[PDB]
Number of protein chains: 2
Amino acid sequence: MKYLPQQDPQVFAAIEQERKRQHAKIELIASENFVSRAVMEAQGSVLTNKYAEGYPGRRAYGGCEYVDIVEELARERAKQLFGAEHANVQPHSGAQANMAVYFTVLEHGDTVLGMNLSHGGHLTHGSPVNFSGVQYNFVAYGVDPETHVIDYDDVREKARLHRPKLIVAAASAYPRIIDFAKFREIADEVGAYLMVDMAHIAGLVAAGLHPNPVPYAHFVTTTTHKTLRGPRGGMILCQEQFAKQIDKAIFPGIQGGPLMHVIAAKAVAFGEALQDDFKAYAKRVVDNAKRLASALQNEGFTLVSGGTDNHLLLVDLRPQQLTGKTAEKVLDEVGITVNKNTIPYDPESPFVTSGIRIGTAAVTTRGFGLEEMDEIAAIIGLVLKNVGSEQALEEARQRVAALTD
Amino acid sequence: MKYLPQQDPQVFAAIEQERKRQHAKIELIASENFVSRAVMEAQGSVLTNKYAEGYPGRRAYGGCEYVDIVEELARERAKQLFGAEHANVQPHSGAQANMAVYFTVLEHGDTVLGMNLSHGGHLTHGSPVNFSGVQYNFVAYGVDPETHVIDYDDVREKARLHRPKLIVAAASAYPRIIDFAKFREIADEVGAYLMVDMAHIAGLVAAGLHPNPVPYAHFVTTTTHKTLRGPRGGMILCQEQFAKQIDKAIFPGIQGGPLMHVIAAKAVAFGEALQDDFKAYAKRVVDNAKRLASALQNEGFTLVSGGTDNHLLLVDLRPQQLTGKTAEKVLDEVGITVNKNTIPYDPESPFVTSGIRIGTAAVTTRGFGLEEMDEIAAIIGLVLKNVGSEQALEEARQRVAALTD
């Protein structure tokens with residue numbers, strides 16, 4: 001940076017602290033990643049200056065010729081990546097992508113069937129303190145109490161009983177492959193639309209490492225910033241038959257001017273995802289998660305569902321008589337970033353929890369491999385088996401530093 | 001830029017076209033401006049990598065120590081600028097800021113009283129194709145048919161008849177000072193909350209050039225990107241009594257993770273707005289608008305309300321027998337960017353209109369003064385009085401180029 005340090009020492013000092021923090025810590029929050037310098041430059045462009053309400057070739061205002069090229073690049077590359085008939089790259093966030101789909105097909109108080117929030121479903125999939133649960137009547141399906149895999153007979157029974165207008169599949173904390181074919185079959189039986197929120201797994205889908213929901217879902221929502229490794233924002237994919245309605249839901253429905261600089265950054269990230277090296281990256285993400293899972297089990301930890309098919313895992317801390325809150329706190333003390341997370345059938349509140357969620361997308365981006373996964377698991381074992389030993393925590397601290405340099 | 005040109009030639013080429021476009025054209029879209037290099041650098045920072053759901057010191061996840069400093073800088077500087085008891089700097093946009101306030105105080109189907117959309121009110125103030133008009137029962141107050149000033153007796157009568165839960169004041173195309181004291185008096189009479197959407201005028205308010213709604217309103221919403229000359233985004237100001245509810249409305253209510261890089265950029269822009277030179281800038285904006293208005297009248301144009309108190313003006317094109325659409329198109333041909341805009345009691349559709357909206361914020365940022373206002377008005381006269389003369393349009397083209405270099 002050249003201008004910010006002189007203009008705003010306070011903001012610059014804090015940004016620099018954050019930059020150094022991202023390098024020093026072992027980042028295991030499953031939803032996080034590190035974007036390229038190209039993506040950041042796009043976000044830092046003059047495109048922030050342009051009001052571009054509407055869509056390419058059909059904008060509210062003149063002078064959109066070049067931002068139109070940018071948005072079309074984003075849309076066409078998204079279609080290349082996921083094989084969708086239509087893309088909307090304007091949603092400001094995952095929240096707004098989901099909001100727009102709900103706005104398109106639901107009326108106030110309609111019934112929606114989503115994944116149990118304490119079993120892996122997201123806040124925007126029906127929390128009573130979120131617009132989703134306030135505006136619509138959400139009911140939930142669960143995972144099997146033993147396998148922690150989605151119970152598709154429960155999905156079916158809930159759908160048949162409650163007759164939802166919309167079924168939502170996908171999750172913030174589900175470590176296994178989701179069967180979209182079965183979701184669509186159930187949706188078809190009850191005459192419901194199917195929406196898949198692939199936010200967490202979008203990069204894996206792009207890389208052919210998780211089944212693609214696009215062929216099975218009426219609507220696919222996602223963030224651009226998780227496994228897709230793009231800027232912070234949202235996106236909607238859908239079949240051509242819903243394109244007009246979806247676009248109208250985003251604008252003039254729920255948003256105004258799009259963030260054209262972020263959309264440029266989306267295009268850049270989609271360009272990166274189309275490359276061969278992104279596919280290799282994504283395989284390492286999944287390979288690393290499986291290795292980390294196995295290594296954690298070797299340390300004596302129990303994992304939700306007994307492992308992982310994707311980028312993330314959930315440690316069930318009950319065997320160690322620890323809460324997720326306690327684990328999160330002590331790992332923070334040694335420079336490992338995780339989050340407490342409810343496990344299925346958790347006896348604790350979502351503010352305490354019996355689990356920690358871990359993902360490998362960020363550490364894989366930094367170049368960590370199988371050997372580093374082994375060491376991360378060993379450090380976690382050292383910490384969680386010795387929460388009362390300052391010497392153990394200091395050793396962990398040093399081993400974390402050794403990994404990040 | 002260093003990395004984007006190599007990584008993504010297509011995106012870079014389009015960005016460069018847009019950058020050159022912003023320099024070449026005379027930008028008179030009233031909602032637009034040019035941000036500083038410092039603001040852009042903040043947006044282009046690694047802060048995009050951080051999930052920071054929640055609020056400073058009360059986040060969902062760990063590691064937020066430094067983004068907390070950034071968000072608090074934004075909040076405290078906003079409070080300095082506007083004298084508000086509370087700030088929420090997380091809204092992704094003006095749309096989401098408004099959405100959050102509505103979510104806080106209204107139930108589905110509640111009555112809201114806003115400014116007539118064809119008289120200057122915004123899409124989010126009750127359009128039937130916007131969430132506002134779909135989710136809530138909007139009624140409208142109008143301006144006087146002769147003066148085009150808000151009819152406060154009409155505000156009062158509509159409020160007393162319809163008994164709205166909320167009254168919205170503020171506008172996207174109102175060229176005169178809004179009387180917030182009178183709005184609050186009317187709100188008090190009917191027991192309604194008052195929300196002021198100061199998006200357009202926020203920079204002028206910060207500079208003491210428009211009365212501050214903060215002392216009179218329960219809630220003040222704004223964008224950060226218009227006269228405030230900040231990054232693209234939203235903000236809510238409110239009294240302490242609503243702080244908890246407002247914060248909950250943004251998260252977990254209507255949004256998820258905030259855009260921490262944009263919030264950094266907000267802090268930077270608020271820092272700039274606190275400086276003496278921003279106050280001088282804002283005075284030039286208003287001085288320039290008044291000069292441009294006067295100069296347009298000298299050319300024989302009729303202005304809505306007969307002039308301006310702020311950054312913007314509306315030309316009533318009926319005397320010239322032109323539509324706003326026709327005017328917008330021909331001005332585009334010569335390199336002047338305006339938008340067609342409905343005038344009060346417009347005989348035309350919002351897709352055709354009898355007016356053009358013009359603002360001086362952007363040209364003032366580029367250093368234009370009174371002499372340039374005279375010339376802009378003269379070029380507009382030349383064009384609109386000679387729409388069928390290619391020689392006239394070519395002269396205009398050359399005079400526009402002379403202004404931008």
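Protein chains get the first letters and strands the later ones, always in sequence-line order, with residue 1 at the start of each. Because only heavy atoms are used, hydrogens play no part in the values below, and waters and symmetry mates are left out as well, while side chains stay in.
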Pair count under 4.5 Å, heavy atoms only, with chain B: among A:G253, A:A95, A:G256, highest is A:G253
Do B:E272 and A:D8 come close enough that some side-chain heavy atom pair is under 4.5 Å?
no
With the side chain counted from C-beta on, respond yes when A:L123 and B:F251 share a heavy-atom pair under 4.5 Å apart, and no when they do not.
yes
- Item | Side chain proximity check, B:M1 to A:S45, heavy atoms < 4.5 angstrom | yes
So, does A:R21 use its side chain to make a donor-acceptor pair with the main chain of B:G63 at under 3.5 Å? yes
Correct closest heavy-atom pair for B:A267 and A:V11 would be CB-CG2, 3.8 Å
Residue from A:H225, A:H122, A:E16 scoring the most non-hydrogen pairs under 4.5 Å with chain B is A:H225
Here the gap from B:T124 atom OG1 to A:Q255 atom CD, rounded to the nearest 0.5 Å, amounts to 12.5 Å
Of B:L4, B:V134, B:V338, the largest count of non-hydrogen pairs under 4.5 angstrom with chain A goes to B:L4
Closest heavy-atom pair, A:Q22 versus B:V46, reported as atoms and distance to 0.1 Å, is NE2-O, 3.1 Å
Next on the checklist: For a 4.5 angstrom cut-off between non-hydrogen side-chain atoms, does A:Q10 reach B:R77?
Outcome noted: yes
Whatever's closer than 4.5 Å to a heavy atom in chain B on A:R59 counts as neither
One option among B:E65, B:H261, B:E27 has the most heavy-atom pairs under 4.5 Å with chain A, and it is B:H261
Honestly, the part of A:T48 sitting under 4.5 Å from a heavy atom of chain B is both
Under 4.5 Å to a heavy atom of chain B? For A:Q6 that would be neither
Turns out that what part of A:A60 lies under 4.5 Å from chain B's heavy atoms comes down to backbone
I'd like to check B:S93 versus A:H92 (side-chain heavy atoms, cut-off strictly below 4.5 Å). Are they in contact? yes
Nearest heavy-atom approach of A:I254 to B:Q96 is O-NE2, 2.9 Å
Does any non-hydrogen side-chain atom of B:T337 lie less than 4.5 Å from one of A:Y61?
-> no
Turns out that what part of B:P258 lies under 4.5 Å from chain A's heavy atoms comes down to backbone
Inset, instruction - Could you give me the CA-CA distance, side-chain angles and deciding distance for B:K226 and A:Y51, then say whether side chain to side chain donor-acceptor pair (under 3.5 Å) is met? - result: CA-CA 10 Å; B:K226 295 180 185 66; A:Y51 244 111; 3.2 Å; yes
Tightest non-hydrogen contact, residues B:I69 and A:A14, listed as CG2-CB, 3.9 Å
Greatest number of non-hydrogen atom pairs under 4.5 angstrom with chain A, of B:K340, B:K248, B:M99, B:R37, falls to B:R37
Between A:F103 and B:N130, the two heavy atoms sitting closest are CZ-C, 4.5 Å
Quiz item: Are the charged groups of B:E32 and A:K50 less than 4.0 angstrom apart, N to O?
Solution: yes
Just checking, any donor-acceptor pair under 3.5 angstrom between side chains of A:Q135 and B:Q135? yes
Legend entry - Close side-chain approach of A:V268 to B:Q7, heavy-atom, < 4.5 Å: yes
Given B:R232, B:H108, B:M40, B:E328, the one with more heavy-atom pairs under 4.5 angstrom with chain A than any other is B:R232
Discussion item. Within the 4.5 Å heavy-atom criterion, are A:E41 and B:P5 side-chain neighbours or not?
Written reply: yes
Separation between CD (B:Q17) and OH (A:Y66), nearest 0.5 Å, reads 5.5 Å
Interface check, chain B: of A:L331, A:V70, A:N33, most non-hydrogen pairs under 4.5 Å belong to A:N33
Note: B:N49 and A:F34 closest approach over all heavy atoms is ND2-CA, 3.6 Å
Bottom line for B:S31: the part with an atom under 4.5 Å from chain A's heavy atoms is both
Counting heavy-atom pairs under 4.5 Å with chain A, the top scorer among B:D332, B:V129, B:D68, B:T223 is B:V129
The interface call for A:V262 against chain B, heavy-atom contacts under 4.5 Å, is neither
